[PDB]
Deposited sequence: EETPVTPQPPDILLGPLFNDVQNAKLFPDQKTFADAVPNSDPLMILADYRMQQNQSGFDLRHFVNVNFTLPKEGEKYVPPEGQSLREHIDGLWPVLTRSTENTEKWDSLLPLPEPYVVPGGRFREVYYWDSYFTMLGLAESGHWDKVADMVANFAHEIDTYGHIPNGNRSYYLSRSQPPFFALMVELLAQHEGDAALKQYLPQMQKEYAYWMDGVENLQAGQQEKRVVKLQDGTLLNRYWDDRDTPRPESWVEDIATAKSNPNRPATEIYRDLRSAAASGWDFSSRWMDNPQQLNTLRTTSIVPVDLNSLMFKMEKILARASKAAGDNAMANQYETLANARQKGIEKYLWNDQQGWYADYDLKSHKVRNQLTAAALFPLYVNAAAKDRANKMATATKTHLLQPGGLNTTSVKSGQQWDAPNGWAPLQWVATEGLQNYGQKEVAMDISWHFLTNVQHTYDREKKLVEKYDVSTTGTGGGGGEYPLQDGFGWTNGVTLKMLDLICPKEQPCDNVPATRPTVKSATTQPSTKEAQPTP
């Protein structure tokens, strides 16, 4: 499958640049009614004729795309899609089983979203859907060599935060070690993708998603194999590169795509100047969340191997995990500030900024106990707000920043804090975010993609597209949290005004 900019060449550029549709993702998801080569020969003939209408040419040649608890349960069918077969030349990639999409403009499965959605499904006893989704991701691993950002041809050149091993662990909570052993080959295969290029890597060098520091420490980074505009945000990325003539455009395209591989598209976290997206430099930053996830993946791989009966392999994975933990503790802790943070390959130091990503070492149990206590303090002091956990302390105009609260980060933070007995802060995050979700639901009768955490009752904003409704990981995380804040004796269908 070729991404639409390659498949439809000059025509794709021209349709996007003409802005025939208010969302750039629209034409990226359009299906050619006939062979692209034919539509392209045709376009070359007509395009310069008197009174040629581009829009008309496109219409002819393409097909274009109750309680809180009750509401979430009724949404699952609306968010479920089944696409075992796909039309010829569709950007949508086929999957063997039904899958849940986030909602709105997101009409395909997403990698990291699905873990948090599956948490909700698992909590509701929809273990069949959870099995189906693990199977879908295993299929993509075998088919593409890795999990794409989503099941679209324009997502094949990148991944997303790697939650597959955690999904397999989720499935094992129901099916036992049999699930770990079943999906071991695909977990190893995903690991080999993340580590591709390590062989022959020298100190001080990076290759694809692997970074080797000057002392030999191996860590990973986000990376996309392409350095061109994103088809799904074509005119935005061109405008971003055009606005900064002092950088090669390919470098800007690479970092835009890599921030998209990071899940945090976009954030002051990646930028020299928090008010200029054209300064982002994702590929020179070693992310603390990614490397926390890699640690977890290595720990899960060791467990699966040992269950499977392969002890030499289990010992290898445990040794790799032990080394990664030493790297996180050394390069991804900011000792001057007292919090985890990303590492800057440009300055050769730990970056200053506190973001919600700094909770990930707690989430995966990599963190030292004293650093976990320090993180509880940093969270209360800087990130915890009336409507939930702030993403950063910086209002950049981007969506992965203040004042936005994102469901997946609320879950990572509360689970992380609980892993170290920091129960008070963990409960405050859950209660604040849930109240926000409930309040917005009382107002709008919906769940949304992200929330403004400075108060409760309003959805968030920022970035290159409008606030989306649904919404997969909000619904999944909400159900999980709802079930935990109320006793099993008396479960709640709405978030209550009093803590029990």
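**Q** Which residue ranges of the deposited sequence are not present in the modelled coordinates?
**A** The deposited sequence has unmodelled segments at 1 to 6, 72 to 82, 518 to 535.
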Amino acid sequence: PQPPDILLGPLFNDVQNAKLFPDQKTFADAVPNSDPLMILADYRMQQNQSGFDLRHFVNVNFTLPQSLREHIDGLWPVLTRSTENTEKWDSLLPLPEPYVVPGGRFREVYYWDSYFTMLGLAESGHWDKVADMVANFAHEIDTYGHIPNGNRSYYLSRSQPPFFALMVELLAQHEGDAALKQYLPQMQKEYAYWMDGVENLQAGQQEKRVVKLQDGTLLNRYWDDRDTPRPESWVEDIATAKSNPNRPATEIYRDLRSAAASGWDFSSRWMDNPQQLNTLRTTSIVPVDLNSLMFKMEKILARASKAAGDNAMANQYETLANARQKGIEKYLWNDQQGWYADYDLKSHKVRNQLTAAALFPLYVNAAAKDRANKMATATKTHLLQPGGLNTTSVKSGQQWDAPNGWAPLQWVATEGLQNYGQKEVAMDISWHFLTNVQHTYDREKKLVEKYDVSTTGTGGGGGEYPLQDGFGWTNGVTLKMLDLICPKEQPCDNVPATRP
From here on, numbers count along this sequence of modelled residues.
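**Q** Looking at the other compared entries that model both neighbours, is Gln66 missing coordinates in at least a third of them?
**A** In none of the comparable entries (those modelling both sides of it) is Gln66 left without coordinates.
**Q** Is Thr458 missing in a third or more of the other PDB entries that were compared?
**A** Yes; at least one third of the other entries leave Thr458 out.
**Q** Per the entry, where is the mean C-alpha temperature factor higher: 84 to 92 or 321 to 329?
**A** Taking the mean B-factor of the alpha carbons in each, 84 to 92 is higher.
**Q** Which is higher on mean Cα B factor in this entry, 352 to 360 or 336 to 344?
**A** Going by the record's values, the stretch with the higher mean is 336 to 344.
**Q** What's the residue among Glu169, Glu207, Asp272, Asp227 with the greatest CA temperature factor in the PDB record?
**A** Across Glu169, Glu207, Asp272, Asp227, the entry lists the biggest C-alpha B-factor for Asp272.
**Q** Would you mind finding, among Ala259, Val198, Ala304, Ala402, the residue with the largest C-alpha temperature factor in the entry?
**A** Highest C-alpha B-factor among the listed options: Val198.
**Q** Is the Cα B-factor recorded for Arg158 in the lowest, middle or highest third of its chain?
**A** It belongs to the lowest third of the chain when residues are ordered by C-alpha B-factor.
**Q** Taking the C-alpha B-factors as the PDB entry records them, is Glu449 in the lowest, middle or highest third of its chain?
**A** According to the entry, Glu449 has a C-alpha B-factor in the chain's lowest third.
**Q** What third of its chain, lowest, middle or highest, does the C-alpha temperature factor of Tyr43 fall into?
**A** Top third by C-alpha B-factor.
**Q** Mind checking which third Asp428 falls in for C-alpha B-factor across the chain?
**A** Highest third of the chain for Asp428's C-alpha B-factor.
**Q** Which third of the chain holds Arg247 when residues are ordered by C-alpha B factor: lowest, middle or highest?
**A** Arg247: CA B-factor falls in the highest third of its chain.
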